[PDB]
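Before any questions on binding or motion, here is one chain by itself as structure tokens, the form deposited in one PDB entry.
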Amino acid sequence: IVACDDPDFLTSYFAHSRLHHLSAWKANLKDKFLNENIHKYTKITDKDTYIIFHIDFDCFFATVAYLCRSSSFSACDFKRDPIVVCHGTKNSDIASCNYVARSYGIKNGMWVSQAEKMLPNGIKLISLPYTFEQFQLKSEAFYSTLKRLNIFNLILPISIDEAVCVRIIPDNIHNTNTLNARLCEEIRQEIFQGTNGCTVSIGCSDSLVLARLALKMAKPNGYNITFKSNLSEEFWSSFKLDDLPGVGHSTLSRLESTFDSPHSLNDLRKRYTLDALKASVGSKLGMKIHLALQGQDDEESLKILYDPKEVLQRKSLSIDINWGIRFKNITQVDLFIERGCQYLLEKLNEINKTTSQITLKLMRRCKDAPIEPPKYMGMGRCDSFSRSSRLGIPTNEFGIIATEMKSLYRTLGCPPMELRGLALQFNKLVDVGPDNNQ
């Protein structure tokens, strides 16, 4: 047990937090890409015609947690029992569930208690612990197999378990669905062998958005090949509105309001006008959805292909702690803020940069919300407050940065016992070069 005023709190929280791990894995994969290509010019040009293979482990955490389960879960069966990965027993997030569990309507992000109600009597839920080290080891095998296949010109890391892989097609060569199926099957086979039991599904297309949709269509443990030329009503009819990239719950809600609760992309496709779309959700998002409903990427999504080194280049740096926050006085809040700054500055020095603008964000208990929320140590219902500040000269000096952070906290006026959440941000980063004469 490590409380928020204990010096070891940040380390222990991060060691336990799957969301932290997802972010740290993603950032390290982006840096590793940038290094390996420091002199290689890996880029797609307008000269190229390319095919996109979008590859993703199926139920990653669940699968790996199963394969590596301790002897205490030896008899559990991935194909027959509903399996989730989670820390706890009641209001604990389900980080991953297998497709058996999904067959009863369980979804990632659900609390265990709710997912327990969704099972008939006699069927028991299996709760496996996280295995973060082996999650990373299986990913290494994933990216190592991808590279040694030598069939891709650009291998883009999306996350620990997910990658967008790009093959350039010579006009000299006739690409066929026979070759593409074979590549998919090779990819799937090799990865199942290299990871010793994990499965990936693959979306294969000539746009990124179609490759993502194809991938959803491909799951579980399969592959799908859908080019712009194969688009059809049967295709669009098989997708929910929030299968579109960029469409989360808030955009979904707005689209359902504007267009009479479409229940598939085909419904939305046949009912929408671009103007009303822009009006409903926003001009740029409206245009991206419009382009996507034709199977076409917008210019914003396309940048990762034509200039991947600037897309994967870290532009800001931050930490967020919105769990376990229970401070009794301002002194303890200030020490926590310093611990956070120290951690962030360690990271900033690794990447040899300075910051010119910083931000403090906090969560504050809503005035009518219980002091102890339903989730043990959760933030509960909160109001958000942020404030930023430009620094005079770019710096990496703890003294300057931590002082401004604690001052930023001061101006937001949040009583320490009402604090439920804190984020610390370095918003603008500035390279440090060999020349540092004033």
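If you superpose the two forms and keep the largest set of C-alpha atoms that fall within 1.5 Å, you have the rigid core. From 1 onward, residues are counted along the sequence shown.
FYI, the form deposited in another entry isn't displayed, but the following is about it.
K.L.:
Which residue, chosen from 48, 397, 36, 404, moves its CA by 2 Å or more between the shown form and the other one under a rigid core superposition?
P.N.:
After core superposition, the single residue displaced by 2 Å or more is 48.
K.L.:
Using the rigid core as the reference frame, would you say residue 174 shifts its C-alpha by 2 Å or more between the shown form and the other one?
P.N.:
Yes, residue 174 moves 2 Å or more.
K.L.:
Would one find the Cα atoms of residue 231 and residue 172 closer or farther in the other form than in this form, where their distance changes by 3 Å or more?
P.N.:
Closer together, by at least 3 Å.
K.L.:
Given that the distance between the C-alpha atoms of residue 229 and residue 172 changes by 3 Å or more in the other form, do they end up closer or farther than here?
P.N.:
Compared with the shown chain, residue 229-residue 172 is closer in the other form.
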